[PDB]
Ligand SMILES: COc1cc(-c2cc(-c3cccc(O)c3)cnc2N)cc(OC)c1OC
């Protein structure tokens, strides 16, 4: 049932996996490359600081049909008791090119590759946001911690969205909102204005969708900077690099985004390129302070597909 293996089979696969090498370690826990029967899988071990995200992500992938080529493929989840301690495991497909964050730092893009990246992200986010009826379907889902580190680059040049630990869900069946309980907040650098100034409507599901659109505009910016046009390209930078420190505070960000009304600068060279011009316009329409004026994920998907079809 759900998105991955049957529940007893999930226990079996998890116990048989060997961890080969660690590819990420932090306050959150660890990500490892591992192997089941000579096939690479990704194994996340959650730290005790972020156990509630394991529960939320596991409950989601197992009670909902979430299969899409732009959402990280869930395989299994398990609880173990290694030695004088317990461990929470999430297993997914392994993507060897790694996060978009790492990928953007090591390579530049052409028009096709830039668009394949941003279009695949849009498809994944629209698929999350949109409800599917019937017993096959899914509730509407908002992510709440979208950023370049939570997007992986697959081998084919497309990406997938990862980390549903902060997800909220909605159905039109009840008009009911499932927020769960997780003290974790989004990455401060990607927090929308309504979150930073605590005006966000927390009983309205649309609010969370619009927070994702804010954060998606910022990722659009990160990617576009790396598309070459006329021999010119920018260095990789994170959103708001020039006005906040590494690991910025809540107050730092509120000052930048709400008080000073700052938004990512649009390089002027983008205006000589038709694709970058169009992406700059999209970005703007993700960055309105008024959450209700922002574009939807589906609209962004359709707009990127139109831009994709104008490529000669
Ligand atoms: C960010 O969230 C996650 C990402 C990955 C993951 C990471 C890499 C990777 C490998 C090398 C470098 C690099 O930056 C990333 C590859 N495949 C993957 N599936 C796995 C996760 O849970 C199992 C995960 O949390 C949900």
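Chain A uses Swiss-Prot numbers throughout; the residues present, in order, are 192-503.
Quick check of the header: X-ray crystallography, 2.3 Å.
Placed from the backbone N, Cα and C atoms, the Cβ positions cover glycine too.
Taken from Swiss-Prot as is:
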type	residues	note
DOMAIN	208-502	domain 'Protein kinase'
BINDING	214, 215, 216, 217, 218, 219, 220, 221, 222, 235	ATP binding site
ACT_SITE	336	active site, proton acceptor
MOD_RES	501	phosphoserine
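Overlay of Swiss-Prot feature records on the structure.
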residue	record	Cβ within 10 Å
214	ATP binding site	16
216	ATP binding site	12
218	ATP binding site	7
220	ATP binding site	21
222	ATP binding site	21
336	active site, proton acceptor	22
501	phosphoserine	9
Express the distance between the Cα positions of the residue listed as 'phosphoserine' and residue 222 (ATP binding site) as a whole number of Å.
39
At the level of the C-alpha atoms, what whole-angstrom distance separates residue 218 (ATP binding site) and residue 336 (active site, proton acceptor)?
16
Roughly how many Å separate the Cα of residue 336 (active site, proton acceptor) from that of residue 216 (ATP binding site), to the nearest whole number?
18
Taking ligand 1 as the reference, state which of the recorded positions 220, 222, 501 have a Cβ closer than 6 Å to one of its atoms.
222
